[PDB]
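Here the structure is laid out as structure tokens; the discussion comes afterwards.
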Amino acid sequence: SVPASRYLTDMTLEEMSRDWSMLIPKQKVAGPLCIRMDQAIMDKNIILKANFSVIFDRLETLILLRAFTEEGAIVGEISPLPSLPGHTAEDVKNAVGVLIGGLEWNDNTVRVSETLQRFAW
Amino acid sequence: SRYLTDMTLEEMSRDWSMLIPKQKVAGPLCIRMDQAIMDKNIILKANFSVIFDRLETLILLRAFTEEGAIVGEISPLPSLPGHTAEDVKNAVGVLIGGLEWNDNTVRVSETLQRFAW
């Protein structure tokens, strides 16, 4: 009934719900988060977009981050594990760093949305 | 996330002091309690956000005697690192043990039992 957090959206509901699959699948449990990334993706400009709650000038709960090429295809993802254990902005930022490292090893150029760099980084 | 409030705004805002201070960092949370407090009945109350069926962010937890006096508290560290329901639950277990070692009777609010403890 009483709202504790505002909800930031980088992604439309279309983007949030869209199914996708990886040509060359890589996944990694990074703490309480799951990282997925398509290893086939090379030499693209990529943007990380996330829908999540903020409390007090920081990311409180990540609902979904997805990585998108300029043409709007999904090439990566960070989501909470299915059992939904707790996580912080630190966890999120560590998963983001792993995802960027992996993408840039395939010569992608990765940027983070403005929302995300303000509230997590 | 929705906002749960065991404590009133006056309770959240009140300053208090300990006769025999005890302070303890428990992960990303600060536990405080007055060691001179004994033979009371105490209730732990908290104001916090909930997302899904779980405590997401603790704003403040305080321990109250039956007369409404503050004898203990768990708050985020001042640099506000993140925490989860698990951190709250560990800190709660510590504060309860300290308070019971001091011959108090301790209970936890219904909303805390439901979402954390």
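If each of B:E100 and B:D39 carries a label point 7 Å out from its Cα toward its Cβ, how far apart are those two points in nm?
2.1 nm
Using alpha carbons only, how many angstrom separate the centre of the range A:1-45 from the centre of the range B:10-89?
Here the answer is 35 Å between Cα centres.
Could you work out Rg/(2.2 N^0.38 Å) for chain A, with Rg from alpha carbons only?
1.01
Calculated FRET efficiency, A:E71 and B:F52, Cβ-Cβ r, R0 35 Å, to nearest 0.05?
Computed FRET efficiency for A:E71 and B:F52: 0.55.
Using Cβ counts within 10 Å as a stand-in for footprinting exposure, how do B:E66, A:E90 rank, fewest first?
B:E66, A:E90
With a ≥ b ≥ c taken as the square roots of the eigenvalues of the C-alpha gyration tensor of the range B:77-117, please select rounded if a/c is under 1.5 and otherwise prolate if a/b is larger than b/c or oblate if it is not?
Verdict is oblate for the range B:77-117.
Assuming 1.306 mPa s and 10 °C, estimate D for the protein assembly as shown with Stokes-Einstein, Rh taken as the Kirkwood radius over Cα pairs, in µm²/s.
The diffusion coefficient I find is 81 µm²/s.
Readers should treat all values here as calculations from the given coordinates under stated rules, not as data from a laboratory. Heads up, the Cβs are rebuilt from the backbone with ideal geometry, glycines too, and the neighbour counts pull from every protein chain shown.
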